[PDB]
Each structure stands twice: as C-alpha cells, then as structure tokens.
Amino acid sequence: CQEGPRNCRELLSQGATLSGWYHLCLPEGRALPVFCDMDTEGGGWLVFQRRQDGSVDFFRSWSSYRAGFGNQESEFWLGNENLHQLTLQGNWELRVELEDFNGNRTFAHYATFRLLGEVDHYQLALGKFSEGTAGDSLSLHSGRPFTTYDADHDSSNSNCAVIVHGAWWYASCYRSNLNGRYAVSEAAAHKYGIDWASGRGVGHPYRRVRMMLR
C-alpha cells in the first residue's frame, strides 16, 4: 500500500460508519486487515483481540503471537508486530471489554498502550488506569516482556505460559490472562482461565472479551 487510512478514526471520518473489517496502511507501507468498531463509545476503535466461543486455540507459539492468528468472523489475536508497528506513533488508548456468563458487561480504560519491538520481547508500555467497572488488572503487567510456551521471559522460575496455558506479559504470573484457555461455563472453568483479577478474580473466567485501541 502506497497509502490509505492510518487508523479506524480516519476511516470513520471519511464515512465508513459500519463496524467491520477494513484495511489500514501501516507506517512501513504494508496493508493490514483490522476490525474497526465504529459504534461503541463514539467509534473509531481498533479491535485487536476478541474471545467469543472457544473456537480458536489461543495456546500458541512466539511466532504465532508475533504474526497474529484466528478467524475474522470470530476470535483472533491481531499480532504483536502489527501492534508494535501501529503503536510506534501516536497515543492509543486501551479499552478492555469483558462479559460474563450472565451477560453483565464491565470495562477498563488505560490512557495509552504501546508495545516495544521484538528485540525487547514486545514489552508492554501501558498508560495509567482512567476508569472501569472491571477494575485495574493490567497495571502489574506494564514494563513486562511478552512470554509464550516457547519463549519464557517472565519473572517466574517456571514458564508461566505453560503453567497457566496462554500468552501474556507474564510476571509470576498474572492479574489478567485474556489470551488464556476458553471455558464455556463456570462449571467448565479452569484453574487459570480468561481471568481479570480485579473483576471476577482468578479462576472465574469470562464468556466474551475484546481488547481495542483508539
């Protein structure tokens, strides 16, 4: 791509008012299919992660997390390199949306979100918590490198990704684990699941999750 829209706000501004899959032209001149939410909170949100049904396996390698994986019509991880490139310029606010098995929605908002490069293991650079009924469960993870089952960078004597079955900016191990193993009900819940500590707490998973930037 020579050029095209740099982000979902630009798309909205030019009259793309329906949420859905669009192409962004990234700073290096590469076109990237992304999901834009044009409707929630004024719209213009780049949805980079979504859990909905357990249809997609989230227990994936460093390379899969780097490049992205999943299905456009359901669950996906956009990819760490994409997120690093997107967030190299500009301030992007993070909105996390969580929905439990009862359909109760709760949200968390952080002022900025940025990923460092692969050399720094896509370390998370997270702004301060602004508001959210779900509470703050990502602050712990700021300043921490990403780890996967084949790339242990956490602060644990073991590999947190293996132990807890996911991929995240693990410490030893987490306050949030949104890329963790899917569970279709509280009865099928895993020891460590799609957890938000300040929300429903560790071991008490959610039914739907999105992470998104604007």
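Residues carry their position along the shown sequence, with the first being 1.
Of the two segments examined, 62-70 and 147-155, it is 147-155 that shows the higher average Cα temperature factor in the deposited entry. Remark: stretch with higher mean C-alpha B factor among 15-23 and 201-209 is 201-209. Each of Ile163, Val56, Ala167, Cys36 has a CA temperature factor in the record; the biggest one is found at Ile163. Of the candidates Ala187, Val47, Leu178, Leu32, the deposited coordinates give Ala187 the top C-alpha B factor.
The entry lists a Cα temperature factor for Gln85 that places it in the lowest third of the chain's modelled residues. Annotation for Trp77: CA B-factor lies in the lowest third of the chain's modelled residues.
Split the chain's modelled residues into thirds by C-alpha temperature factor. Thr112 is in the middle one. Sorting the modelled residues of the chain by their CA temperature factor places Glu93 in the lowest third. The entry lists a Cα temperature factor for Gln123 that places it in the lowest third of the chain's modelled residues.
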